[PDB]
Amino acid sequence: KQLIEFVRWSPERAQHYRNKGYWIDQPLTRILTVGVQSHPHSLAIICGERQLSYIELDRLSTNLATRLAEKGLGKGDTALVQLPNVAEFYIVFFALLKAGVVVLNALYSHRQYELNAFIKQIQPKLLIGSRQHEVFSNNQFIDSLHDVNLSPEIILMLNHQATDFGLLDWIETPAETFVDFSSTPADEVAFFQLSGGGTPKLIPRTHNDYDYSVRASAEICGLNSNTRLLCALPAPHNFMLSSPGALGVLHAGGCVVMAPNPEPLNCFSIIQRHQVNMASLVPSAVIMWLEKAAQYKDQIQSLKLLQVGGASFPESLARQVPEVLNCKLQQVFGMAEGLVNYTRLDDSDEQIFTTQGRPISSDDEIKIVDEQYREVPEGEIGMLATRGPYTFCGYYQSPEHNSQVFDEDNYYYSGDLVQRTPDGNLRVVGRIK
Ligand SMILES: [Ca+2]
Ligand SMILES: [Ca+2]
Ligand SMILES: [Ca+2]
């Protein structure tokens, strides 16, 4: 009965975002539904030797949704998911969105401490993990949850033991009985993003706001049905999921090509095999690729666009991208809390190499402010403050911290130090608390 609580946009802002066509009041499953209508047999996911079409992705996620609904998991309920970079991540994500279960996707790199904190905050009735993960290699962590009355009703495991419920079995074989289910409402919470590094804080995201960020990013990045995007960063990460990420590529009718991580030789062979034309990396991974790229020129020719985001990316490195990787560069400065900035595909070389671009939306509002929260003279460095159609209004169940990072006009303070360039783009120069 009771939907997950979160901080709403003011009704004036909500109406404005609908009037502009940003919020279209559709669940995130729209991406899959529409793809199935238009091109059911196009490839949606390539993973190792597997090829999942749009209709297959739809069927398999429907399968799992029916099994969860059959067991009473639905609206008002939450789930914790921790899976590596495999097709099952998306099958599960779309299953939970279909079922109306609010999901927190932990990074596969998260350990006992973070997972415990996550469980304490959302009290999940469903836990999906992998027996190959250190935390679920034995039963010590799972058993500990009984002790604190935080045991989930259902545990599913990839690489399951004979005693476990098998994730693949719940995906493959449909429910015995029919129980009705549907997504949470479009202006209500779909899932929790996580802040970028104490433990990550939980960011409620609605269908409206996330779907908008996805659709608009897909247009900015020129995605189309021929896009084949390498997913070498962690699948659950905002950048890899939505900027424009796997969801963006599915929105545009393209195909996601999985890699376990950004190790260059493996990535290069995957790029060659599947003729990958887009990838998204952090600067430390770009350095790894640049070191090997000259020798494996042939394998990576098909790359047409590389996004780089997440961390400091100096000009000297940026210029090497088209030179050595033989593809266009796009810089991306985003946050899991909302605001994403992209250099545009028709930006000048100078903009592309020396800036972190400009916001998705004409209605991303930005203030750049000094120590007294006054707006700085044009071009000067200040603290970034932002609000918009896909920027959150508060962390989950955190009124004290929210009062510290939002001003009275509900602008969010990310801590980033930035300056507006004369060309209109942003340059990230630092961080302050
Ligand atoms: Ca297939
Ligand atoms: Ca190329
Ligand atoms: Ca070259």
# chains A, B, ... in the order shown; residues from 1 in each chain; ligands from 1

call {"tool": "closest_atom_pairs", "arguments": {"of": "chain A", "to": "ligand 2", "cutoff": "12 Å", "atoms": "only C-alpha atoms and all ligand atoms", "output": "tab-separated table"}}
result
residue	atom	partner	partner_atom_place_in_ligand_line	distance
A:271	CA	ligand 2	1 (Ca)	10.8
A:272	CA	ligand 2	1 (Ca)	11.2
A:275	CA	ligand 2	1 (Ca)	10.3
A:276	CA	ligand 2	1 (Ca)	9.7
A:277	CA	ligand 2	1 (Ca)	7.5
A:278	CA	ligand 2	1 (Ca)	9.4
A:279	CA	ligand 2	1 (Ca)	11.2
A:293	CA	ligand 2	1 (Ca)	11.4
A:297	CA	ligand 2	1 (Ca)	9.1
A:298	CA	ligand 2	1 (Ca)	9.5
A:299	CA	ligand 2	1 (Ca)	9.8
A:300	CA	ligand 2	1 (Ca)	6.6
A:301	CA	ligand 2	1 (Ca)	4.1
A:302	CA	ligand 2	1 (Ca)	4.7
A:303	CA	ligand 2	1 (Ca)	4.3
A:304	CA	ligand 2	1 (Ca)	4.7
A:305	CA	ligand 2	1 (Ca)	7.7
A:306	CA	ligand 2	1 (Ca)	9.6
A:321	CA	ligand 2	1 (Ca)	10.3
A:322	CA	ligand 2	1 (Ca)	8.3
A:323	CA	ligand 2	1 (Ca)	10.1
A:324	CA	ligand 2	1 (Ca)	9.7
A:325	CA	ligand 2	1 (Ca)	6.9
A:326	CA	ligand 2	1 (Ca)	4.5
A:327	CA	ligand 2	1 (Ca)	4.4
A:328	CA	ligand 2	1 (Ca)	7.8
A:329	CA	ligand 2	1 (Ca)	10.8

call {"tool": "write_last_selection", "arguments": {"atoms": "C-alpha atoms", "output": "PDB file, in the first residue's frame"}}
result
ATOM      1  CA  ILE A 271      35.321  -4.041 -29.843  1.00  0.00           C
ATOM      2  CA  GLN A 272      36.730  -5.825 -32.905  1.00  0.00           C
ATOM      3  CA  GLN A 275      32.270  -3.811 -34.312  1.00  0.00           C
ATOM      4  CA  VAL A 276      31.631  -1.595 -31.249  1.00  0.00           C
ATOM      5  CA  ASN A 277      31.280   2.048 -32.263  1.00  0.00           C
ATOM      6  CA  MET A 278      30.880   3.743 -28.864  1.00  0.00           C
ATOM      7  CA  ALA A 279      32.526   3.431 -25.441  1.00  0.00           C
ATOM      8  CA  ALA A 293      46.117   1.483 -28.786  1.00  0.00           C
ATOM      9  CA  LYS A 297      44.944   0.027 -34.096  1.00  0.00           C
ATOM     10  CA  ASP A 298      43.160  -2.546 -36.322  1.00  0.00           C
ATOM     11  CA  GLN A 299      41.027  -3.886 -33.472  1.00  0.00           C
ATOM     12  CA  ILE A 300      39.566  -0.523 -32.419  1.00  0.00           C
ATOM     13  CA  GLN A 301      39.044   1.307 -35.742  1.00  0.00           C
ATOM     14  CA  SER A 302      35.249   0.888 -35.479  1.00  0.00           C
ATOM     15  CA  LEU A 303      35.065   3.157 -32.385  1.00  0.00           C
ATOM     16  CA  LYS A 304      33.399   6.405 -33.452  1.00  0.00           C
ATOM     17  CA  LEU A 305      32.808   8.083 -30.108  1.00  0.00           C
ATOM     18  CA  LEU A 306      34.468   7.827 -26.700  1.00  0.00           C
ATOM     19  CA  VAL A 321      41.873  10.501 -27.815  1.00  0.00           C
ATOM     20  CA  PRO A 322      41.231  11.359 -31.487  1.00  0.00           C
ATOM     21  CA  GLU A 323      44.979  11.031 -32.270  1.00  0.00           C
ATOM     22  CA  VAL A 324      45.597   7.590 -30.778  1.00  0.00           C
ATOM     23  CA  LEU A 325      42.131   6.019 -30.386  1.00  0.00           C
ATOM     24  CA  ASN A 326      40.979   7.344 -33.780  1.00  0.00           C
ATOM     25  CA  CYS A 327      37.539   8.401 -32.577  1.00  0.00           C
ATOM     26  CA  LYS A 328      35.707  11.560 -31.545  1.00  0.00           C
ATOM     27  CA  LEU A 329      35.901  12.618 -27.866  1.00  0.00           C
TER      28      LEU A 329
END

call {"tool": "residues_around", "arguments": {"residues": "segment 113-120 of chain A", "least_positions_apart": "6", "cutoff": "10 Å", "atoms": "only C-alpha atoms", "output": "ChimeraX atom specification"}}
result
/A:78-82,104-107,127,135,141,144-145,148-152,198-202

call {"tool": "closest_atom_pairs", "arguments": {"of": "chain A", "to": "ligand 1", "cutoff": "12 Å", "atoms": "only C-alpha atoms and all ligand atoms", "output": "Markdown table"}}
result
| residue | atom | partner | partner_atom_place_in_ligand_line | distance |
| --- | --- | --- | --- | --- |
| A:40 | CA | ligand 1 | 1 (Ca) | 11.0 |
| A:41 | CA | ligand 1 | 1 (Ca) | 8.6 |
| A:42 | CA | ligand 1 | 1 (Ca) | 9.6 |
| A:43 | CA | ligand 1 | 1 (Ca) | 7.9 |
| A:44 | CA | ligand 1 | 1 (Ca) | 9.5 |
| A:45 | CA | ligand 1 | 1 (Ca) | 9.1 |
| A:46 | CA | ligand 1 | 1 (Ca) | 9.2 |
| A:47 | CA | ligand 1 | 1 (Ca) | 10.6 |
| A:49 | CA | ligand 1 | 1 (Ca) | 10.0 |
| A:50 | CA | ligand 1 | 1 (Ca) | 6.7 |
| A:51 | CA | ligand 1 | 1 (Ca) | 4.6 |
| A:52 | CA | ligand 1 | 1 (Ca) | 4.4 |
| A:53 | CA | ligand 1 | 1 (Ca) | 5.6 |
| A:54 | CA | ligand 1 | 1 (Ca) | 9.1 |
| A:55 | CA | ligand 1 | 1 (Ca) | 9.1 |
| A:56 | CA | ligand 1 | 1 (Ca) | 6.6 |
| A:57 | CA | ligand 1 | 1 (Ca) | 8.9 |
| A:58 | CA | ligand 1 | 1 (Ca) | 11.7 |
| A:59 | CA | ligand 1 | 1 (Ca) | 11.3 |
| A:60 | CA | ligand 1 | 1 (Ca) | 11.0 |
| A:87 | CA | ligand 1 | 1 (Ca) | 11.5 |

call {"tool": "select_by_dssp", "arguments": {"residues": "segment 162-211 of chain A", "states": "strand (DSSP E)", "output": "ChimeraX atom specification"}}
result
/A:165-166,189-194,202-206

call {"tool": "write_last_selection", "arguments": {"atoms": "N, CA, C and O atoms", "output": "PDB file, in the first residue's frame"}}
result
ATOM      1  N   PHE A 165      17.980 -20.633  -4.309  1.00  0.00           N
ATOM      2  CA  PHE A 165      17.140 -20.305  -5.455  1.00  0.00           C
ATOM      3  C   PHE A 165      18.053 -19.775  -6.562  1.00  0.00           C
ATOM      4  O   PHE A 165      18.853 -18.864  -6.331  1.00  0.00           O
ATOM      5  N   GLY A 166      17.955 -20.376  -7.742  1.00  0.00           N
ATOM      6  CA  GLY A 166      18.779 -19.990  -8.883  1.00  0.00           C
ATOM      7  C   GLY A 166      18.207 -18.805  -9.640  1.00  0.00           C
ATOM      8  O   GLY A 166      17.069 -18.856 -10.120  1.00  0.00           O
ATOM      9  N   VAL A 189       9.007   6.966  -6.972  1.00  0.00           N
ATOM     10  CA  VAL A 189      10.372   6.398  -7.053  1.00  0.00           C
ATOM     11  C   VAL A 189      10.381   5.122  -7.901  1.00  0.00           C
ATOM     12  O   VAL A 189       9.516   4.239  -7.721  1.00  0.00           O
ATOM     13  N   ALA A 190      11.327   5.051  -8.847  1.00  0.00           N
ATOM     14  CA  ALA A 190      11.601   3.812  -9.588  1.00  0.00           C
ATOM     15  C   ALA A 190      12.727   2.985  -8.952  1.00  0.00           C
ATOM     16  O   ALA A 190      12.637   1.750  -8.868  1.00  0.00           O
ATOM     17  N   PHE A 191      13.800   3.664  -8.541  1.00  0.00           N
ATOM     18  CA  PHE A 191      14.982   2.999  -7.991  1.00  0.00           C
ATOM     19  C   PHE A 191      15.878   3.996  -7.268  1.00  0.00           C
ATOM     20  O   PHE A 191      15.640   5.208  -7.330  1.00  0.00           O
ATOM     21  N   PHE A 192      16.884   3.484  -6.567  1.00  0.00           N
ATOM     22  CA  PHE A 192      17.830   4.332  -5.851  1.00  0.00           C
ATOM     23  C   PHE A 192      19.142   4.360  -6.621  1.00  0.00           C
ATOM     24  O   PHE A 192      19.761   3.318  -6.836  1.00  0.00           O
ATOM     25  N   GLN A 193      19.574   5.549  -7.031  1.00  0.00           N
ATOM     26  CA  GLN A 193      20.980   5.729  -7.380  1.00  0.00           C
ATOM     27  C   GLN A 193      21.824   5.853  -6.111  1.00  0.00           C
ATOM     28  O   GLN A 193      21.283   5.973  -5.015  1.00  0.00           O
ATOM     29  N   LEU A 194      23.145   5.806  -6.263  1.00  0.00           N
ATOM     30  CA  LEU A 194      24.080   5.967  -5.151  1.00  0.00           C
ATOM     31  C   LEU A 194      25.033   7.129  -5.404  1.00  0.00           C
ATOM     32  O   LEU A 194      25.520   7.303  -6.532  1.00  0.00           O
ATOM     33  N   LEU A 202      21.766   7.283  -0.622  1.00  0.00           N
ATOM     34  CA  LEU A 202      20.765   6.781  -1.551  1.00  0.00           C
ATOM     35  C   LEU A 202      20.004   7.913  -2.206  1.00  0.00           C
ATOM     36  O   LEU A 202      19.469   8.795  -1.533  1.00  0.00           O
ATOM     37  N   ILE A 203      19.982   7.878  -3.529  1.00  0.00           N
ATOM     38  CA  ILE A 203      19.369   8.926  -4.338  1.00  0.00           C
ATOM     39  C   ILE A 203      18.102   8.372  -4.977  1.00  0.00           C
ATOM     40  O   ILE A 203      18.180   7.600  -5.928  1.00  0.00           O
ATOM     41  N   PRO A 204      16.918   8.756  -4.450  1.00  0.00           N
ATOM     42  CA  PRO A 204      15.692   8.314  -5.126  1.00  0.00           C
ATOM     43  C   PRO A 204      15.608   8.916  -6.532  1.00  0.00           C
ATOM     44  O   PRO A 204      15.814  10.128  -6.712  1.00  0.00           O
ATOM     45  N   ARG A 205      15.344   8.077  -7.528  1.00  0.00           N
ATOM     46  CA  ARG A 205      15.112   8.562  -8.884  1.00  0.00           C
ATOM     47  C   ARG A 205      13.718   8.133  -9.343  1.00  0.00           C
ATOM     48  O   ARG A 205      13.337   6.974  -9.171  1.00  0.00           O
ATOM     49  N   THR A 206      12.972   9.046  -9.957  1.00  0.00           N
ATOM     50  CA  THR A 206      11.623   8.696 -10.452  1.00  0.00           C
ATOM     51  C   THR A 206      11.721   8.261 -11.902  1.00  0.00           C
ATOM     52  O   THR A 206      12.713   8.582 -12.581  1.00  0.00           O
TER      53      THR A 206
END

call {"tool": "atom_distance", "arguments": {"atom1": "atom CA of residue 158 of chain A", "atom2": "atom CA of residue 262 of chain A"}}
result
22.3 Å

call {"tool": "residues_around", "arguments": {"residues": "segment 378-380 of chain A", "least_positions_apart": "3", "cutoff": "8 Å", "atoms": "only C-alpha atoms", "output": "list in words"}}
result
residues 419, 420, 421 and 422 of chain A

call {"tool": "residues_around", "arguments": {"residues": "residue 355 of chain A", "least_positions_apart": "6", "cutoff": "9 Å", "atoms": "only C-alpha atoms", "output": "PyMOL selection string"}}
result
chain A and resi 315+331+343+421+425-428

call {"tool": "closest_residue", "arguments": {"among": "A:280, A:391, A:182, A:130", "to": "residue 232 of chain A", "atoms": "only C-alpha atoms"}}
result
A:280

call {"tool": "residues_around", "arguments": {"residues": "segment 360-368 of chain A", "least_positions_apart": "4", "cutoff": "6 Å", "atoms": "only C-alpha atoms", "output": "short mmCIF file (atom, residue, chain, number, x, y, z; two decimals) with C-alpha atoms, in the first residue's frame"}}
result
data_model
loop_
_atom_site.label_atom_id
_atom_site.label_comp_id
_atom_site.auth_asym_id
_atom_site.auth_seq_id
_atom_site.Cartn_x
_atom_site.Cartn_y
_atom_site.Cartn_z
CA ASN A 341 26.96 18.09 -18.71
CA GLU A 375 26.88 34.53 -7.61
CA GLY A 382 32.83 29.16 -7.50
CA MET A 383 30.80 26.38 -5.89
CA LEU A 384 28.28 24.73 -8.22
CA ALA A 385 24.61 24.87 -7.23
CA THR A 386 21.95 23.24 -9.44
CA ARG A 387 18.30 22.18 -9.80
CA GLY A 388 16.40 20.87 -12.80
#

call {"tool": "closest_residue", "arguments": {"among": "A:352, A:91, A:101, A:285", "to": "residue 185 of chain A", "atoms": "only C-alpha atoms"}}
result
A:101
